[PDB]
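Chemist: So that we are looking at the same thing, I have put the structure below in structure tokens.
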Amino acid sequence: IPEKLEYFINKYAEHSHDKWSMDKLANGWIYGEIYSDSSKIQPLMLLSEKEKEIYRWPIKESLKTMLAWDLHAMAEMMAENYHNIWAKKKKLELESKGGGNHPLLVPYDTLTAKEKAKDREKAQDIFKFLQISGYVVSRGXXXXXXXXXXXXXXXXXXXXXXXXXXX
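For reference, each letter of the sequence shown is one residue, going 2712 to 2756, 2761 to 2784, 2835 to 2905, 2916 to 2942 in the deposited numbering.
Following this line, the structure appears as structure tokens:
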């Protein structure tokens, strides 16, 4: 991973702090040493240091997938990556601790439309952040051609018919 993409990661972490601070001041949250949710005190002014640093990994994982692997297609692809890793984690841990079946034990096509927006929100956020910098990524006539192919096939068929008539 290049240090330019490291700069981009630091800029993303900055702007996520920035948008979370917009939310924090819109809801009027204040800082405090004690952790609580009803008394309106937070040690990073509900989210903890660990709660924020756990968001560090999935961005790098998505970058690895994107570099190893139109805009809406890539958005759906990133959403599918997130949903697939979530399904993998919950499936392995279900098989581990003997948990009950979840309603999300189905492929991504049979799913409904709300979890779509679930996985598309943060995808669209990350994709906006990618497209502000300038960094362009991708996946990595026809009728005439079809007519020509049909003509070739017809010619071959005519040749075969001539051969059969000769036979």
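All residues carry an ideal CB built from backbone N, CA and C; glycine is no exception.
Restricting to Cα atoms, I'd like to know which of 2861, 2858, 2782 is closest to residue 2902.
Modeler: Looking at the Cα atoms, 2782 is the closest of the given residues.
Chemist: Closest by CA to residue 2836, which one among 2885, 2725, 2730, 2713?
Modeler: It is 2885.
Chemist: Go to residue 2882, then tell me how far its alpha helix (DSSP H) extends in each direction, as first and last residue.
Modeler: Its alpha helix (DSSP H) spans residues 2879 to 2898.
Chemist: Less than 8 angstroms separating the beta-carbons of residue 2900 and residue 2774?
Modeler: No.
Chemist: Can you name, in chain order, every residue of its own chain whose Cβ lies under 8 angstroms from the Cβ of residue 2839, other than the five neighbours on each side?
Modeler: Excluding positions up to five away in sequence, the list reads 2781, 2892, 2902, 2903, 2904.
Chemist: With a threshold of 16 other CB atoms inside 10 Å of the CB of residue 2866, please say whether the residue is buried or exposed.
Modeler: Exposed is the call here.
Chemist: What does the alpha-carbon distance come out to for the pair residue 2749 and residue 2859?
Modeler: The alpha-carbon atoms of residue 2749 and residue 2859 are separated by roughly 32 angstroms.
Chemist: Can you tell me where the alpha helix (DSSP H) holding residue 2771 begins and where it ends?
Modeler: Start and end: 2771 to 2783.
Chemist: According to the neighbour-count rule (16 or more other Cβ atoms, all chains shown, within 10 Å of its Cβ), is residue 2846 buried or exposed?
Modeler: Looking at its Cβ environment, which holds 16 or more other Cβ atoms inside 10 Å, residue 2846 is buried.
Chemist: Tell me which residues share the same chain as residue 2735 and place their Cβ nearer than 7 angstroms to its Cβ, disregarding the 5 neighbours each side in the sequence.
Modeler: Correct list, in chain order: 2756.
Chemist: Could you give the DSSP three-state label for residue 2741: helix, strand or coil?
Modeler: It is a strand residue.
Chemist: Only counting the same chain, and skipping five residues up and downstream in sequence, which positions put a Cβ closer than 8 angstroms to that of residue 2746?
Modeler: Taken in chain order, the residues that qualify are 2752, 2753, 2754, 2763.
Chemist: For my contact list, residue 2878 and residue 2843 are in at a C-beta cut-off of 8 angstroms; report their separation, rounded to the angstrom.
Modeler: Between residue 2843 and residue 2878 the Cβ distance is about 18 angstroms, and since that is not below 8 angstroms, they are no contact.
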